[PDB]
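There is one chain below, alone, in structure tokens, taken in the form deposited without the RNA.
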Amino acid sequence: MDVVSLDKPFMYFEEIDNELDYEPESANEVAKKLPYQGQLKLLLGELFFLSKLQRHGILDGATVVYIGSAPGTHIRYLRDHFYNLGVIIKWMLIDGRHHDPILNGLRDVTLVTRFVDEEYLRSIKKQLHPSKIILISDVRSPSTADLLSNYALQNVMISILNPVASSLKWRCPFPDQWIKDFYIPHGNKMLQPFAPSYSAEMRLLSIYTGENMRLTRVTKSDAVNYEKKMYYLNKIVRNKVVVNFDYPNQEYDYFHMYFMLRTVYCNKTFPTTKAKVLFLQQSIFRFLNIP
């Protein structure tokens, strides 16, 4: 068995302290071990992001515009969580694909079947006005050309919507498929527990202060680094059994999930953080029908 003792898990990209030469043979390995693992991945990341905004007092009264939301099964859980906590939020879920029927019939959630273009963003901005917007993007076209186009759209989302915070899908193009250097918004590179086994995807979390928008250039050298740090995380770290983690499941992803869940607010008062987390996890797994 692959045992180790860890203090904390890598929460952000920059914390990764090692790297590995990417082995293309990893692409043939089992990408997922849990049913609905993709909804779990998104649920934890967005719960983490949104709880932060609550902590900063910028969630209540906001309209969450989620682009690339369908099917969105896990979004029903997020909505119920903040709804039950007393936070007042409107959700606007936009995707060309259809949403899970569990999202219908809620006055606080608007479902839209539209593929967003810069022009449509303008109309929704004019229509949301004057509400504060929180953007969450998970749009999907992939080639490096598809990616750049997605990233280019995400940047236009921020410029037109002008949100107070944003969570953006972020996976750097692979060095061997480089096309050109580009810019992404500045934010924390949140790592994702339960991401596919060898995924190099993370989420870019940003909070917009002032009227400024800071970007950051991404080059091929950055692409090489992303590939090597993520490959090391996936191949090595995520395959560790954190034995000094007394918890029903000690696998790295549960250890990592624990640190995100410990930041979540609950109505119920618990005697320990461990009890709150077990509760949140049981709750999340039951909702998603994960054994």
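Residues that one form lacks are left out of the comparison. Throughout, rigid core stands for the largest set of C-alpha atoms superposing within 1.5 Å between the two forms. Counting begins at 1, following the sequence as shown.
A.B. asks: Between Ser141 and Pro142, determine how many residues of the deposited chain lack coordinates; answer none if the chain runs continuously, otherwise 1 to 3, 4 to 9, or 10 or more.
C.D. replies: Per the record, 4 to 9 deposited residues are absent between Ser141 and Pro142.
A.B. asks: Averaging CA B factors per stretch from the PDB record, which one is higher: 279-287 or 7-15?
C.D. replies: Higher mean C-alpha B-factor: 7-15.
A.B. asks: For the higher mean C-alpha B factor in the entry, choose 119-127 or 97-105.
C.D. replies: Per the deposited B-factors, the answer is 119-127.
A.B. asks: Just the C-alpha B-factor column, please: which of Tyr232, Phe48, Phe245, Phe259 has the biggest number?
C.D. replies: Highest C-alpha B-factor among the listed residues goes to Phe245.
A.B. asks: What's the residue among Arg203, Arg79, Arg217, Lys90 with the greatest CA temperature factor in the PDB record?
C.D. replies: It is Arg217.
A.B. asks: Using the B-factors in the PDB entry, rank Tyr265's C-alpha atom against the chain and give the third, lowest, middle or highest.
C.D. replies: For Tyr265, whose C-alpha B-factor we compare with every modelled residue in the chain, the answer is the highest third.
A.B. asks: Just say lowest, middle or highest third for the CA B-factor of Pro163 relative to the other modelled residues in its chain.
C.D. replies: CA B-factor rank for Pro163: middle third.
A.B. asks: Please place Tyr208 in the lowest, middle or highest third of its chain according to the CA B-factor in the PDB entry.
C.D. replies: According to the entry, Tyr208 has a C-alpha B-factor in the chain's highest third.
A.B. asks: Using the B-factors in the PDB entry, rank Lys52's C-alpha atom against the chain and give the third, lowest, middle or highest.
C.D. replies: Middle third, going by the recorded CA B-factors of the chain.
A.B. asks: Taking only the Cα B-factors deposited for this chain, tell me whether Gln177 sits in the lowest, middle or highest third.
C.D. replies: Its C-alpha B-factor belongs to the highest third of this chain's values.
Only in words, not in the display: the form solved in complex with the RNA, which the text now covers.
A.B. asks: Please check if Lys126 has a heavy atom lying within 4.5 Å of any heavy atom of the RNA in the entry with it bound.
C.D. replies: Residue-level check for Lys126: no, no contact with the RNA.
A.B. asks: Just to confirm, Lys41 within 4.5 Å of the RNA in the entry with it bound by heavy atoms?
C.D. replies: Flag for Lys41 set to yes.
A.B. asks: Looking at the partner-bound form in the entry with it bound, is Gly187 within 4.5 Å of the RNA by any heavy atom?
C.D. replies: No, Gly187 sits far enough from the RNA in the entry with it bound that none of its heavy atoms falls within 4.5 Å.
A.B. asks: I'd like to check something about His81: if you look in the entry with it bound, is any of its heavy atoms closer than or equal to 4.5 Å to a heavy atom of the RNA?
C.D. replies: Taking the distances in the entry with it bound, the answer for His81 is no, it never comes within 4.5 Å of the RNA.
A.B. asks: I need the one stretch from 254-262, 32-40, 235-243, 52-60 whose residues put non-hydrogen atoms within 4.5 angstroms of the RNA in the entry with it bound.
C.D. replies: Flagged stretch: 32-40.
A.B. asks: Report the residue, out of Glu201, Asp108, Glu118, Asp146, that has at least one non-hydrogen atom within 4.5 angstroms of the RNA in the entry with it bound.
C.D. replies: The residue from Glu201, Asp108, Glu118, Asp146 that makes the contact is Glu201.
A.B. asks: I need to confirm a contact call. Of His99, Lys220, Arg76, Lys169, which residue comes within 4.5 Å of the RNA in the entry with it bound, counting heavy atoms only?
C.D. replies: So the residue touching the RNA in the entry with it bound, by this definition, is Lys169.
A.B. asks: Establish, in the entry with it bound, whether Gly45, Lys90 and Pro163 all lie within 4.5 Å of the RNA, using non-hydrogen atoms for the distance.
C.D. replies: Result no, not one residue of the spot touches the RNA.
A.B. asks: Core aligned, which of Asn212, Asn104, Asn84, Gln127 has the Cα that shifts 2 angstroms or more between the shown form and the other one?
C.D. replies: Between the two forms, the residue that moves is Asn212.
A.B. asks: Counting only residues modelled in both forms, where do runs of 3+ with a CA shift of at least 2 Å appear between the shown form and the other one, relative to the core?
C.D. replies: This is the sole shifted run between the shown form and the other one: 210-212.
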